[PDB]
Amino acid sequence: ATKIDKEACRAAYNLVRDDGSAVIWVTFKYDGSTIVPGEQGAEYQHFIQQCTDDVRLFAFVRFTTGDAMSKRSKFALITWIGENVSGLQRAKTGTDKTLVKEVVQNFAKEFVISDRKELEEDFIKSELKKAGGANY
């Protein structure tokens, strides 16, 4: 019976999109059975710390790559699933992403990760490089 606070998760989503905002990541978490905004920041390293072993969550992160005239904004939708989270949870969570993709309309790529080493900034960017264009 998972649902989501669209009206609220959309504000966060838009906050990471808007360039002049400084916010580069917003999390979406389970607040019972209703998915809602978690934390957000300007520092990517602070996001990795939201991804503990007993939590599962969703994220929308703006990655900047290249430089000068080659600068491009790579958005990524991420589903962090704690290694120490239930078994039904992991699968039930993969179900709810559908519900999350209703607000989080476009992203160059999506991830289902449970090993922080995968959130390593330069590795995740490498991965966004091998991807391509948005997702409507």
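For every residue, the number given is its place in the sequence shown, counted from 1.
Mean C-alpha B-factor is higher over 91-99 than over the other stretch, the pair under comparison being 78-86 and 91-99. Per-stretch averaging of Cα B factors for 16-24 and 119-127 places 16-24 on top.
Based on the entry's C-alpha B-factors, the most elevated value among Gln40, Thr65, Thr52, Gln45 belongs to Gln40. Per the PDB record, residue ranking by Cα B-factor puts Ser70 in the lowest third of the chain.
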